[PDB]
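Asker: Sending over input-v1.txt (compact mmCIF, C-alpha atoms and all ligand atoms).
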```txt
# COMPACT_ATOMS: atom_id res chain seq x y z
CA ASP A 1 1.10 -30.88 12.64
CA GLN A 2 0.21 -31.19 8.96
CA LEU A 3 -1.90 -29.14 6.59
CA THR A 4 -5.61 -30.07 6.82
CA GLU A 5 -8.73 -29.30 4.80
CA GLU A 6 -10.15 -27.52 7.87
CA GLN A 7 -7.07 -25.24 8.11
CA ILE A 8 -7.23 -24.47 4.36
CA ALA A 9 -10.87 -23.43 4.84
CA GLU A 10 -9.89 -21.25 7.80
CA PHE A 11 -7.13 -19.61 5.79
CA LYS A 12 -9.55 -18.95 2.92
CA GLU A 13 -11.85 -17.17 5.42
CA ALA A 14 -8.92 -15.03 6.57
CA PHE A 15 -7.93 -14.31 2.94
CA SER A 16 -11.52 -13.09 2.23
CA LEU A 17 -11.23 -10.63 5.08
CA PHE A 18 -8.34 -8.95 3.21
CA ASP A 19 -9.83 -9.41 -0.29
CA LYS A 20 -12.81 -7.16 0.38
CA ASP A 21 -13.70 -6.66 -3.32
CA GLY A 22 -13.61 -10.44 -3.79
CA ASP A 23 -11.48 -10.39 -6.93
CA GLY A 24 -9.13 -13.14 -5.67
CA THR A 25 -6.12 -11.01 -4.94
CA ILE A 26 -4.91 -8.87 -2.02
CA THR A 27 -3.59 -5.48 -3.08
CA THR A 28 -1.51 -2.96 -1.17
CA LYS A 29 -4.71 -0.93 -0.69
CA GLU A 30 -6.51 -3.93 0.85
CA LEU A 31 -3.62 -4.90 3.08
CA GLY A 32 -3.29 -1.30 4.35
CA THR A 33 -7.04 -1.11 5.10
CA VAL A 34 -6.91 -4.19 7.29
CA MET A 35 -3.72 -3.06 9.01
CA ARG A 36 -5.46 0.24 9.86
CA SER A 37 -8.45 -1.64 11.26
CA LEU A 38 -5.99 -3.41 13.54
CA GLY A 39 -3.94 -0.51 14.92
CA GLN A 40 -1.16 0.21 12.44
CA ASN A 41 -0.49 2.77 9.73
CA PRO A 42 1.96 1.13 7.33
CA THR A 43 3.95 3.20 4.91
CA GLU A 44 3.53 2.69 1.18
CA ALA A 45 6.94 1.03 1.02
CA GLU A 46 6.29 -1.47 3.75
CA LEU A 47 3.07 -2.60 2.11
CA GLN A 48 4.81 -3.32 -1.14
CA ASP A 49 7.84 -4.84 0.70
CA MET A 50 5.43 -7.14 2.65
CA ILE A 51 3.67 -8.32 -0.48
CA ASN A 52 7.00 -8.80 -2.30
CA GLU A 53 8.20 -11.35 0.25
CA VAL A 54 5.40 -13.79 -0.85
CA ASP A 55 4.50 -12.71 -4.39
CA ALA A 56 5.67 -15.88 -6.16
CA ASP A 57 4.25 -14.98 -9.60
CA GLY A 58 5.55 -11.38 -9.33
CA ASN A 59 2.23 -9.73 -10.29
CA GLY A 60 2.50 -7.43 -7.22
CA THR A 61 -0.55 -8.73 -5.30
CA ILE A 62 -1.19 -11.80 -3.13
CA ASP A 63 -3.48 -14.56 -4.43
CA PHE A 64 -4.80 -17.33 -2.22
CA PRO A 65 -2.13 -19.94 -3.10
CA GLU A 66 0.56 -17.43 -2.05
CA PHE A 67 -1.36 -16.54 1.12
CA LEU A 68 -1.83 -20.24 1.90
CA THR A 69 1.85 -21.00 1.44
CA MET A 70 2.66 -18.15 3.86
CA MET A 71 0.11 -19.28 6.51
CA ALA A 72 0.98 -22.98 6.35
CA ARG A 73 4.74 -22.43 6.77
CA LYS A 74 6.69 -23.75 9.77
CA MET A 75 7.95 -20.38 11.01
CA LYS A 76 7.60 -19.28 14.60
CA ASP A 77 6.27 -15.73 14.22
CA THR A 78 9.00 -13.52 15.76
CA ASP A 79 6.71 -10.46 15.40
CA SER A 80 3.64 -12.16 16.94
CA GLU A 81 3.52 -10.51 20.35
CA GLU A 82 3.78 -6.95 19.02
CA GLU A 83 0.93 -7.50 16.56
CA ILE A 84 -1.32 -9.09 19.16
CA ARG A 85 -0.59 -6.31 21.66
CA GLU A 86 -1.50 -3.60 19.10
CA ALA A 87 -4.65 -5.47 18.15
CA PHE A 88 -5.61 -5.68 21.81
CA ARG A 89 -5.23 -1.90 22.11
CA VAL A 90 -7.53 -1.33 19.16
CA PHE A 91 -10.18 -3.53 20.73
CA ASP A 92 -9.64 -2.02 24.20
CA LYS A 93 -10.31 1.52 23.07
CA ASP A 94 -10.89 2.92 26.58
CA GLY A 95 -7.67 1.27 27.78
CA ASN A 96 -9.24 -0.29 30.90
CA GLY A 97 -7.61 -3.65 30.12
CA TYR A 98 -10.85 -5.39 29.17
CA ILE A 99 -12.60 -5.83 25.87
CA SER A 100 -16.36 -5.30 26.26
CA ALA A 101 -19.19 -6.44 24.00
CA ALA A 102 -19.47 -2.91 22.49
CA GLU A 103 -15.72 -2.75 21.93
CA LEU A 104 -15.68 -6.11 20.18
CA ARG A 105 -18.67 -5.22 18.00
CA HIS A 106 -17.03 -1.94 16.93
CA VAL A 107 -13.81 -3.55 15.73
CA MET A 108 -15.54 -6.50 14.09
CA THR A 109 -17.72 -4.05 12.14
CA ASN A 110 -14.64 -2.16 10.91
CA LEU A 111 -13.15 -5.55 9.84
CA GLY A 112 -16.31 -6.07 7.69
CA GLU A 113 -18.08 -8.44 10.09
CA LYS A 114 -21.55 -7.13 10.93
CA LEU A 115 -22.08 -9.57 13.80
CA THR A 116 -25.49 -10.20 15.26
CA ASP A 117 -25.99 -9.67 18.98
CA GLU A 118 -25.89 -13.46 19.44
CA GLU A 119 -22.51 -13.68 17.67
CA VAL A 120 -21.08 -10.85 19.73
CA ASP A 121 -22.21 -12.55 22.91
CA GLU A 122 -20.82 -15.91 21.77
CA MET A 123 -17.42 -14.34 20.93
CA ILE A 124 -17.20 -12.82 24.39
CA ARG A 125 -18.28 -16.12 25.97
CA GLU A 126 -15.67 -18.16 24.10
CA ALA A 127 -12.86 -15.83 25.15
CA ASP A 128 -14.04 -15.14 28.69
CA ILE A 129 -12.56 -18.25 30.19
CA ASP A 130 -12.24 -16.64 33.64
CA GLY A 131 -16.01 -15.89 33.65
CA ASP A 132 -15.99 -12.17 34.61
CA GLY A 133 -18.02 -11.10 31.51
CA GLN A 134 -15.21 -9.37 29.64
CA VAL A 135 -11.99 -10.25 27.82
CA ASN A 136 -8.67 -9.39 29.35
CA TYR A 137 -5.31 -9.39 27.60
CA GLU A 138 -4.30 -12.92 28.66
CA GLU A 139 -7.69 -14.21 27.46
CA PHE A 140 -7.25 -12.32 24.17
CA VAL A 141 -3.83 -13.90 23.68
CA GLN A 142 -5.38 -17.39 23.87
CA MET A 143 -7.84 -16.58 21.09
CA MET A 144 -5.15 -14.99 18.92
CA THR A 145 -2.57 -17.78 19.30
CA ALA A 146 -4.87 -20.74 18.67
CA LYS A 147 -3.93 -22.82 15.63
CA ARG B 1 -14.19 -20.23 17.29
CA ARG B 2 -14.99 -19.18 13.66
CA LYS B 3 -14.78 -15.40 14.14
CA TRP B 4 -11.95 -15.39 16.68
CA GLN B 5 -9.88 -17.68 14.42
CA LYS B 6 -10.49 -15.41 11.41
CA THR B 7 -9.33 -12.42 13.44
CA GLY B 8 -6.39 -14.33 14.78
CA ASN B 9 -5.42 -15.44 11.32
CA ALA B 10 -5.62 -11.90 10.04
CA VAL B 11 -3.24 -10.73 12.78
CA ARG B 12 -0.97 -13.72 12.12
CA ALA B 13 -0.91 -13.01 8.37
CA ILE B 14 0.12 -9.41 9.00
CA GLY B 15 2.82 -10.56 11.47
CA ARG B 16 4.22 -13.15 9.03
CA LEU B 17 4.18 -10.74 6.04
CA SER B 18 6.02 -8.27 8.30
CA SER B 19 8.60 -10.84 9.46
CA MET B 20 9.39 -12.73 6.27
CA CA C 1 -8.97 -7.78 -3.97
CA CA C 2 1.00 -12.70 -6.77
CA CA C 3 -12.16 -1.66 27.40
CA CA C 4 -12.61 -12.51 31.42
```
Hey, can you dump this file as structure tokens for me?
Ligand SMILES: [Ca+2]
Ligand SMILES: [Ca+2]
Ligand SMILES: [Ca+2]
Ligand SMILES: [Ca+2]
Answerer:
Amino acid sequence: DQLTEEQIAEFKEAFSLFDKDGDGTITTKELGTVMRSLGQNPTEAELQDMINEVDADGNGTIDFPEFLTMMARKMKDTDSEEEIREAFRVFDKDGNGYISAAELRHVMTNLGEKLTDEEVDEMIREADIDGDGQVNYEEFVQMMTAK
Amino acid sequence: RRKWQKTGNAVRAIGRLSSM
């Protein structure tokens, strides 16, 4: 495992999802918005504490180089499971254990991704490795944990 | 896997910022 141009591109896409005003930096406001779209309601202090742990130039916001350094790191995310479980619950709004096409579309829209019907259907198809037309938690985990 | 990876990376970023 080494840093690749394809991974850098992928991380830039993820950075853009946070940097919704496209000014090149992630603020506390932007980080909190995304966290809310994914099932959490961080306090003001935790948002600034989170940014502080990677704000190398001390300007109080995260630029792409800082974000990249954080995403490329050899870590082993000890908080991974919790985050992925909360995210699953946001997708699975009716709590039936399966993410439907409507459910996926809803969350993607709130993340700023106005997916076409074809994209929604493709996303479900990619994840639905058991072929029952919907995405269960184990299937969701595979999509979330891919590197 | 474009959109799933973006979503995954967003969750992973939040998890890593929270851990570090
Ligand atoms: Ca910004
Ligand atoms: Ca900074
Ligand atoms: Ca459901
Ligand atoms: Ca399935």
Asker: Could you list, as JSON, numbers by chain, every residue of chain A that has an atom within 6 Å of an atom of chain B, counting only C-alpha atoms?
Answerer: {"A": [14, 50, 79, 80, 144]}
Asker: Would you list the contacts of region 18-28 of chain A as a VMD selection string, taking every protein, DNA or RNA residue within 6 Å and counting only C-alpha atoms, but skipping same-chain residues closer than 4 positions in sequence?
Answerer: chain A and resid 47 61 to 63
Asker: Take CA of residue 11 (chain A) and CA of residue 138 (chain A) and report the distance between them in Å, one decimal.
Answerer: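 Separation of CA of residue 11 (chain A) and CA of residue 138 (chain A): 24.0 Å.
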Asker: Give as a list in words the residues surrounding ligand CA 3 (chain C) up to a distance of 12 Å, considering all atoms listed in the file.
Answerer: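 Based on all atoms listed in the file, ligand CA 3 (chain C) is surrounded within 12 Å by residues 88, 89, 90, 91, 92, 93, 94, 95, 96, 97, 98, 99, 100, 101, 102, 103, 104, 105, 106, 107, 133, 134, 135, 136 and 137 of chain A.
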Asker: Please report the interatomic distance between CA of residue 65 (chain A) and CA of residue 40 (chain A) in Å with one decimal.
Answerer: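 Computing it gives 25.5 Å between the two atoms.
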Asker: Find the residues near ligand CA 2 (chain C). Use a cut-off of 7 Å, count all atoms listed in the file, and write them as a ChimeraX atom specification.
Answerer: /A:55-63,66
Asker: What is the CA of residue 132 (chain A)-atom CA of ligand CA 4 (chain C) distance in Å, reported with one decimal?
Answerer: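 Atom-to-atom, CA of residue 132 (chain A) to atom CA of ligand CA 4 (chain C), that is 4.7 Å.
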Asker: Taking into account only C-alpha atoms and all ligand atoms, which residue in the set A:87, A:141, A:130, A:77 is nearest to ligand CA 4 (chain C)?
Answerer: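 Selected residue with least distance to ligand CA 4 (chain C): A:130.
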Asker: Which is closest to residue 64 (chain A) among A:139, A:13, A:126, A:6, if we use all atoms listed in the file?
Answerer: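 Closest to residue 64 (chain A), using all atoms listed in the file: A:13.
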Asker: Of the residues A:9, A:17, A:4, A:109, which is the one nearest to ligand CA 1 (chain C), using all atoms listed in the file?
Answerer: A:17
